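# Enclosed are the sequence and the experimentally obtained structure.
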Amino acid sequence: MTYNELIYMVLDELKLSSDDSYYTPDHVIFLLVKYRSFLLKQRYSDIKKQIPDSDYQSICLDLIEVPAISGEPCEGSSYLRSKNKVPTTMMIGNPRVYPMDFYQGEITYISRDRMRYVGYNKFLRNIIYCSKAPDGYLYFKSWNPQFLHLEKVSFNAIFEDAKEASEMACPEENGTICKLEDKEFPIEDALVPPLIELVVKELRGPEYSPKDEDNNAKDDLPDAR
Amino acid sequence: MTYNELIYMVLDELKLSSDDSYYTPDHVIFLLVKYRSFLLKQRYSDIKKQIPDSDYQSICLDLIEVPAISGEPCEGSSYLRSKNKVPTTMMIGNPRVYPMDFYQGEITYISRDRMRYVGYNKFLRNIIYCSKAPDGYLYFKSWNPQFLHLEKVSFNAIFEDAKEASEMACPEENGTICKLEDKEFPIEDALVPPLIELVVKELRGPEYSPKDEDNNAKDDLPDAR
Amino acid sequence: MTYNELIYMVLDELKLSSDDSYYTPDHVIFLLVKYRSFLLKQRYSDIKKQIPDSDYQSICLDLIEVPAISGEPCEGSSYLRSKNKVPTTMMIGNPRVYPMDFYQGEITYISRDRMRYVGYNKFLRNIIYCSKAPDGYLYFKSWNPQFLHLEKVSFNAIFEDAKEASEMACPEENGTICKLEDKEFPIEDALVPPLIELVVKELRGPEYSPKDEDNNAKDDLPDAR
Amino acid sequence: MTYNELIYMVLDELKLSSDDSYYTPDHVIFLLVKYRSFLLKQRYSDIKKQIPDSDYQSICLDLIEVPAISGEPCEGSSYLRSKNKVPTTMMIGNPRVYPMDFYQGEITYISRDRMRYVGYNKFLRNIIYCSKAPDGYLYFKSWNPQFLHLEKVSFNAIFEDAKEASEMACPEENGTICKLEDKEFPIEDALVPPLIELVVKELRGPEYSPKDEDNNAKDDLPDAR
Amino acid sequence: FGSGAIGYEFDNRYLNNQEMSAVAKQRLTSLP
Amino acid sequence: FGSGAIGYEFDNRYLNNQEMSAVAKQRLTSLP
Amino acid sequence: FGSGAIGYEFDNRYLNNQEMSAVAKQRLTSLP
Amino acid sequence: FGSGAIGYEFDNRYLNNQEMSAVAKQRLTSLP
Amino acid sequence: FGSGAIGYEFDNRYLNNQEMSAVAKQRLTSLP
Amino acid sequence: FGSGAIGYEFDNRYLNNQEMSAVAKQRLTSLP
Amino acid sequence: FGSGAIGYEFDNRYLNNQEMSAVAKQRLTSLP
Amino acid sequence: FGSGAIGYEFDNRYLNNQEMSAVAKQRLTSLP
Amino acid sequence: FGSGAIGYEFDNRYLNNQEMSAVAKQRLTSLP
Amino acid sequence: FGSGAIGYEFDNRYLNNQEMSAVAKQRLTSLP
Amino acid sequence: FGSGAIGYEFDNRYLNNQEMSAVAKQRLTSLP
Amino acid sequence: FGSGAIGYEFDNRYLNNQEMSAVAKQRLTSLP
C-alpha cells in the first residue's frame, strides 16, 4: 500500500470528508507515523522475532570528509559524514549500510557509544563503521585511509519517523516521486488493521468534541459551544 | 471463491447496495487484503502448523540481467533481477521459485541478509539463490555462469498483499483475466467467516456514523449533522 | 439430505419467504459452504479423530498427457494432469485418488512439495503420485512409463469448497443430477445443528438492518432509513 | 414411541396447531433427525459407554453381483453390492450385517479404507467383508467364491439419518408400514427430553419472528413487518 | 431468540475436560 | 418459559465430575 | 448484534487447551 | 461503533499463551 | 413461582462432595 | 416470603465441611 | 426485617474454622 | 440502620486469623 | 456519612499481614 | 473520549508477563 | 468529593508486598 | 474527569511485579 491509501482509509472511517473540517490529512500523517513506531516497538522488543521486508526503508546518503573538531593537526583522523541528518533507527531490525548494492560490502552500523573505542583489533582495520552522533549526522570511522574515498552509501533499517526516511528515499528507475502521499508506507499488512484502529480511536473522540465557536473574547468551552 | 463473491458478501452484509453510498467496493478490497494478512499471521505464525494450498499465489516473472552497481569492471559479479517489483511474502509458508514447473529445479529463495554470504561451499555452487532487495525486485545470484540464461521463473508464496500478486499472476490456458474481481481470492475456506466478520465490524460502526453534509464553511461533526 | 433441505431450512428459520427479499438462496449457498469448511477445520484439526463418510466427496476426473514445460526435449519427462481444475483438499481426512474402484489401485495423493523429490527408491518406482500444483490441476508422476495410459481416475476427499466438488461429481447409476440443489450436502448430521446455527446467527443481524431506500443521491444509512 | 408421538410433542410445546402455520411437521422431522445424531454424538463419542438397543435400526438389503470397474477381464474379482444406497452409519455402536438371523454368521462390517487391503491372512479367507463405498452403496468382498450367492442381508447400526434408514427398514411379521409416522423413532427414552428441548429452542425464536407480510415489491423486514 | 446447539456442545465439551482430568488423577497405589 | 432437562443433566454431570475428583484423592495408607 | 464466527473459535480454542492440559496429567504409573 | 482488530489479536495471544503453558506440561515418563 | 426439590438434591449432593473431599484428607500418621 | 429450615441446615453443613477440612490438618509431628 | 442470632453464630463459626485452620499449620521445627 | 460493634469484632477477628496464619509460616533456618 | 478511623486501621492492619507474609518466605539459602 | 495508546501497551505487557511465566516452565527432562 | 492521600499510601503499600513476595523467590542456584 | 499520572505509575508498578515474579521462576537446569 501507499501513503495515500492509508490516510484515506482513516479519513473515510472517521468520515472527514469536507474541506472545512477541523482535522486534515496532516493530522493523520502525524498519527500514522507515530503509531507505526509505537506499534513496532510493542511487537518486536519483548522477544526477538522475524521482521519482514515491509518495515524497512532504504535511504541514500552523500558523504563528505569532515574533521574531528576543527582544522587542527593534533586532534585525530578525519571522519566521513552525510551531507544531511539521518532519521533515527529503531533497535529491532537489522540495520545495514550498503554501498548502493545490498548483497556486497561490509560497512558496519554500530552504536554511537561503541564506536569511540573501535578498530583496534588488527583484523578489523579495514572495516568501515557507522553511527548516528548527537549531531544527528551519520559519522564514519575506519583505520584504513581508503575509506575516505566513499561518495555514496545507502542505509536500510527500521526508522522511527517514516515521514523522515521517505524524504531521503532513493530515486527509482523512473524517477524520484515528487509527492509524499504517492510513496510507500513502511508497515506490514499484518499490522495495518491495528494501526488504523489506534489512529481512528485517537481522533474519533476529539472529532466530536465541542469547539470555542463564538468570537466574544471569552472561553466558550465550559459551555460546550 | 473469487473476489466478486467476497467483496459483495461484505457489501450485502453492510447492505451497501446503492450507488450513492459512502463506502464503495474499493474500501472493501483494501480491507479484505489487510485483514487477510492479519488473519494468516494470527493462525500460521505463532507455532508451526500445516498451511493449506489456498493461501498461496503463483506470480510469473521476467528476469533481466543487471549489474551490481553500474557498468564498472571492479564492482563485482552481475545479478539477474525481475522486471517488475514483486510482493513481499509473509514468512509463514513455503516460498518457492520454480522454472515454470513446480516439480522441478532448485532455485532457492532465501533472505536478503543471508544471500550476501552464500555459495562458498563447493557443492552449493550450481544453486541459484533468490531474495528481495530493498528496491523491491527479486535478485538472483549464483556462482555458476549458466544461471544468467533464465528468461522466466514463477514464484509461489504466501504474499502480504493479495492485490499485488493478483495483478502479477500467471496466465491461464484460456488467457489472462483483465478484471481483478474475476480472479480467485487467496484465503482458505476455513478462514473466510473470521475474515468476513472483521471487515464488516470494521465498517458497520462508520456505516451509521454522521457526516458533515451541510456546506456552510464550518465543521458540523460535533453537531451530529 | 440434499442442498435443498439445508438451504430451505436456513431460509425458513430466517423467514426469508418472499421473492422480493434481500437475502436469496445465492447468499445462503455461499454461507453454508464457507461455514462447512470452517466447522470441519475447528473439529478435526486439534487432534486426529475418526472422520465419517459423509464429509468426503468423490469427483470424477479426465486426465491428459501434458509436458513438463513445453516441447523441448531437455526439459524433463512428461506428466498426466486433469483437464479441469480440482478443488483444494482439506488436510483432515483420507484423500484418495482411486482408479474408479475404491477397493483397488495404488495411486498416492501426496503434497505438492514432496512430489518434486519422489520415486528415487528402487521399490517405489511404479507408484503413481498425485498432488495439486499451483496451476490448480492434479499432476501425476511415476518412474514407470506405464502410468501414461491412465484415462480416468476419481478423487474421494474432504474438499474445502463443496460447491466446486459437487459440480465435478461422479456420474450416478440413474444419471447426472442437473440441479446443484438436488445433490447431497457433504457434512455429517452431528454437525448440521451447529452449522445452521452459525448461518442464522450470521444473517439475522443484517436481516433487520436498515437500507438506503431513497434514490436521492445521498447516503441515508446514518439516518437509519 | 413412534415418529407420530415425537413430532407432535414438539408441535404441542410450540403450540403449532393451525394448518396455516409457518412451521409444518416436515420442519420438525428435519430437526428431530438432525438433533438425534447431534445428541448421539455428544454422549457416546468422547468416552466409550454402553449403547442401548433403542438407537439401532435393522434395515433390509438386496444384493447384486457387480464388476470391479467395467466388463474388462483383467481388472480384478467381482463384488456384491446393494441395489440401493445404504445410509451412513455412525462410529459409536456395533454395526453388524447378518444373513437375516442376528445370532449367526460373520459378515464383518469394516471401514472403507481398511477393505482395500483385507483377506490376505490365510485363516481370514472365508470371511465376508462389508464397507460403504463413496458411490453410496454397501460393497461386499471375500476371497471365498461362495460369497457371490448371497441374496439378502440385514444391517443393524446407528445410522446418521433416522428418516432415511426407516424407509429401508425390515418388513414386519404383520406387514409393511405405509406411513413413516407409525415407525419407531430410534433414540433411547433417556435422551428424548433433551432431544425435544433442543428442537423447541431452535424453533421458539423463529416462531415469534416477524415476516414480510405485505406484497409490495420491497423487503419489509427492517420495518419489522 | 433461541438456539442451543452450540452452547450445549461448548458446555458439554467443558464437562469432558473436567472428568477426563478427574480420571487422570486416579491411582491404584502400591508399596505396602 | 421452561424446559429443564439439560440444566439438570449438566448439573448432575458437573457433580459427577466432582465425585470422581474426590475419590481420586482417597488413599488407604501404608508404612505404619 | 450478532455473528458467531469468531466467538465460536475463541471458545472452541479455550476448550482445546483444557483438553490439552487434561491429557498432560495422564500417567501410566510404575514401581508396583 | 465497531472495530475488532485488537480484541481479536489479544484474545488469540491470550489463548496462544494458554496453549504454550499447556504444552509445557507434557512429559514422556521414564524409569518403568 | 417456586419448587425446590431439585435444587435441594444438588446442594445436598454438592455438600456431600465437599464432605468426601474433607475426609479423603484424613490420615492416621506414623513414624514416631 | 421466608423459610430458614433448608438454608440453615445447609449453611450449618457448609461449616462442618470446613471444620473437618480444618481438623484434617491437625498433626502432632515427630523427629525432634 | 431484622434478627441477628444466626447471622452472628454462622460468621463467628466461619472465623472459628478459619482460626483452627491457621493454628493447625503452626510448627516448632527440629534438626538445627 | 447503623451499629458497628459486631462488624468491628468480625473484621478484627479476620485480621487476627490472617495474622496468625502469616506468623505460622515463619521459620528460623538450621543449615550452615 | 463519613469517618475513616476504623477503615484506616483495618487496612493498615491488612497490609501489615501481607507484609509479614511477604518476609516470611525470605530465606538465605545454602548448599552451594 | 477516545484514545488507546496506554491500554494497548498495558495489555501487551500483561500478555508478555503471562508469556515469560509460561515459557519459564519449558523443561527438557533428563535422567532416562 | 476527593482526597487521594490515604488511597495513595495504601496502594503504594500493596505494590510493595507484591514486590517483596516477588524478590523472596529470587535464587542463584547451585549443583551443576 | 481526567488525570492519569497516578493510575499510570500504579498500573506500571503492578505490571513490574509480574515481571519480577516471572524472572524469578526462570531456571537453567542441570543433572543430565
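Perfect, thanks for sending it. Numbering: from 1, shown residues only, chains lettered A, B, ... in the order given.

# Which positions in chain A make contact with chain H?
Neighbours of chain H within chain A, by CB under 8 Å from any CB of the partner chain: A:193, A:194, A:196, A:197, A:198, A:200, A:201, A:204. Backbone N, C-alpha and C define where each C-beta goes, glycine included.

# Please indicate which of the residues you listed are buried?
Listed as buried from those are A:193, A:194, A:196, A:197, A:198, A:200, A:201, A:204; burial here means 16 or more other CB atoms under 10 Å in any protein chain shown.

# ok so, going back, looking at the residues of chain A next to chain H, which are in helices?
Within the residues of chain A next to chain H, residues falling in helices by DSSP state H are A:193, A:194, A:196, A:197, A:198, A:200, A:201, A:204.

# how about TSV for those, with distance to chain J added?
Converted to TSV, those look like this (distance: CB to the nearest CB, whole Å):
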residue	distance to chain J
A:193	50
A:194	48
A:196	53
A:197	48
A:198	49
A:200	52
A:201	47
A:204	51
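
# can you narrow those residues to ones near chain B?
Okay, of these touching chain B (CB under 8 Å from any CB), that's A:193, A:196.

# any idea which of the ones in helices among the residues of chain A next to chain H is closest to residue D:152?
Closest approach between these and residue D:152, by CB to CB: residue A:193, at 63.0 Å.

# So in chain A, which strand runs the longest?
strand A:57-66 (DSSP state E).

# What is the helix or strand following that strand packed up against?
Counting by DSSP states H and E, the next helix or strand C-terminal to strand A:57-66 is strand A:79-82. Judged by 3 or more CB pairs under 8 Å, 6 or more residues apart in numbering or on different chains; DSSP states H and E, strand A:79-82 is in contact with strand A:57-66, strand A:138-141.

# quick one: is the following helix or strand past strand A:79-82 near chain B?
Using DSSP H and E, the helix or strand that follows strand A:79-82 in sequence is strand A:96-98. Yes. Applying CB under 8 Å from any CB, one finds strand A:96-98 touching chain B at residue A:96.

# buried sites along stretch A:25-39?
Quick answer for stretch A:25-39 (16+ other CB under 10 Å): A:25, A:27-29, A:31-39.

# Kindly reformat those residues as CSV and extend each row with secondary structure.
What follows is the buried residues of stretch A:25-39, written out as CSV (DSSP: H, G, I helix; E, B strand; the rest coil):
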residue, secondary structure
A:25, helix
A:27, helix
A:28, helix
A:29, helix
A:31, helix
A:32, helix
A:33, helix
A:34, helix
A:35, helix
A:36, helix
A:37, helix
A:38, helix
A:39, helix
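
# of those, closest to chain N?
residue A:38 (6.4 Å; CB to the nearest CB).

# Isn't that closest one up against residue N:5?
Yes. Residue A:38 is within contact range of residue N:5, at 6.4 Å (criterion: CB atoms under 8 Å).

# hang on, the earlier thing: quick check: which of the helices and strands packed on strand A:79-82 is nearest to chain M?
Closest of the helices and strands packed on strand A:79-82 to chain M is strand A:138-141, at 45.8 Å (criterion: CB to the nearest CB).

# Closest one of the buried ones among the residues of chain A next to chain H to residue C:139?
Here the nearest of those to residue C:139, counting by CB to CB, is residue A:193; it sits at 36.9 Å.

# how close does the closest one sit to chain I?
Distance from residue A:193 to chain I, counting by CB to the nearest CB, to the nearest Å: 46 Å.

# and if you look at residue A:146?
In terms of CB to the nearest CB, residue A:146 sits 81 Å off from chain I.

# Looks to me like residue A:175 is in a strand.
No. With three-state DSSP as the criterion, residue A:175 is coil rather than part of a strand.

# show me which of the buried residues of stretch A:25-39 neighbour chain L.
Of the buried residues of stretch A:25-39, not one also sits near chain L (CB under 8 Å from any CB).

# Closest one of these to chain F?
Using CB to the nearest CB, the buried residues of stretch A:25-39 come closest to chain F at residue A:39, 43.0 Å.

# Who are the contact partners of the closest one?
By CB atoms under 8 Å, 6 or more residues apart in numbering or on different chains, the contact list for residue A:39 reads A:187, A:191, A:194, A:195, A:198.

# Could I get the phi/psi values of residue A:7?
phi -60, psi -40 (degrees, to the nearest 10).

# Contact partners for it?
A:25, A:28, A:29, A:32, A:181.

# What parts of chain E come near chain P?
Near chain P, when you scan chain E using CB under 8 Å from any CB, you find nothing.

# Which stretches in chain E count as helices?
For chain E, the helices defined by DSSP H occupy E:7-22.

# How about the contacts made by the closest residue to chain P within chain A?
Residue of chain A nearest chain P, by CB to the nearest CB: residue A:46 (10.3 Å). Applying CB under 8 Å, 6+ apart to residue A:46 gives the contacts N:12, N:16, N:19.

# hmm, back to that, tabulate the residues of chain A next to chain H (a markdown table), appending distance to residue N:29.
Shown next, in a markdown table, are the residues of chain A next to chain H (distance: CB to CB, whole Å):
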| residue | distance to residue N:29 |
| --- | --- |
| A:193 | 41 |
| A:194 | 39 |
| A:196 | 46 |
| A:197 | 43 |
| A:198 | 43 |
| A:200 | 49 |
| A:201 | 46 |
| A:204 | 52 |
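
# which one of those is nearest chain C?
For the residues of chain A next to chain H, the nearest to chain C is residue A:204 (14.5 Å; CB to the nearest CB).

# contacting residues around the closest one?
Counting by CB under 8 Å, 6+ apart, residue A:204 has contacts A:14, H:1, N:2.

# Spit out the contact partners of the second one.
It refers to residue H:1. Contacts of residue H:1 (CB under 8 Å, 6+ apart): A:204, B:205, B:206, B:209.

# Now with 10 Å, please.
Neighbour list for residue H:1: A:13, A:200, A:201, A:204, B:201, B:204, B:205, B:206, B:207, B:208, B:209, N:2 [criterion: CB atoms under 10 Å, 6 or more residues apart in numbering or on different chains].
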